[PDB]
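Participant: Below is one structure. I have some questions about it.
Bear in mind that the values in this text are calculations on the coordinates, not laboratory data. Note that we place each Cβ from the backbone using ideal geometry, even for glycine, and neighbour counts take in every protein chain shown.
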Amino acid sequence: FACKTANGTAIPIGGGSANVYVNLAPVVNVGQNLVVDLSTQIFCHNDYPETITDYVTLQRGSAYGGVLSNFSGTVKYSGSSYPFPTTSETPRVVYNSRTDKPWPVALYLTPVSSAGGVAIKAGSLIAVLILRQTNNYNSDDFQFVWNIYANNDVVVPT
Ligand SMILES: CCCCCCCO[C@H]1O[C@H](CO)[C@@H](O)[C@H](O)[C@@H]1F
């Protein structure tokens, strides 16, 4: 089991960490969602599907900078919605193929009432998402740490 970003940055067998640079809607109104779709950014595969079933969860998701201060979040994992920052590990997503499959993570961020102006700064850390991988074969328990950075400023109109 290993993962890669849309740009080619890979995390090999055993896990580790990588940076994900995301373009964000430049203008988000109060009452609207800022959608951060990581399913188009992070792709994973099973290296031995003939024998092994890989189990994948979002172990935890943390918010930073402008996202923590200015937004109310929800994380959608494989069609199910949960609070973001996270309060529990999600159910497992099965990886049973050698073909790259998107990691089904999407953040839904709505501005808080106090938000106004530059709510997210360009180049800032916005989230850290922990992909946890296990299997039905051995004691392997690996963490694929995804550091999410904003490519641009996000303005919340006043
Ligand atoms: C003849 C025995 C061959 C042993 C195959 C081990 C390959 O391990 C890697 O890929 C696995 C499948 O994706 C992961 O379950 C595992 O945790 C690790 F990432």
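Participant: I'd like the Kirkwood hydrodynamic radius of the chain, using the inverse of the mean 1/r over distinct C-alpha pairs, in Å.
Facilitator: Result for the chain, one decimal place: 16.0 Å.
Participant: With Cβ to Cβ distances under 15 Å as the rule, what net charge do the other residues near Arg132 carry (K, R +1; D, E -1)?
Facilitator: Here the count lands on -2.
Participant: Report, ordered by chain and residue number, the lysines lying within cross-link reach of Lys121, taken as a straight Cα distance under 25 Å and ignoring same-chain residues fewer than 8 apart.
Facilitator: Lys76
Participant: Expressed as a rounded percentage, what relative contact order does the chain have, with Cα pairs under 8 Å and six or more residues apart? List each step's numbers first, then the result.
Facilitator: Values: 417 pairs, mean separation 53.9, N = 158.
Here the relative contact order equals 34 percent.
Participant: Hey, another quick one. Determine the sum of side-chain charges near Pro83: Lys and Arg each +1, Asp and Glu each -1, restricted to other residues whose C-beta is under 14 angstrom from that of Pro83.
Facilitator: That sum, taken over residues with Cβ under 14 Å, equals +1.
Participant: With the convex hull built on the Cα atoms of segment 43-112, state its orientation-averaged projected area in nm².
Facilitator: That works out to 5.1 nm², a quarter of the Cα hull's surface.
Participant: Next question. Using the count of nearby Cβ atoms within 10 Å as a rough guide to exposure, how do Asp54, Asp100 rank from fewest to most?
Facilitator: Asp100, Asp54
Participant: Using helices alone, I'd like the mean residue ellipticity at 222 nm for the chain: each DSSP H run of four-plus residues gives -39500 (n - 2.57), total over residue count, nearest 500.
Facilitator: -1000 deg cm²/dmol
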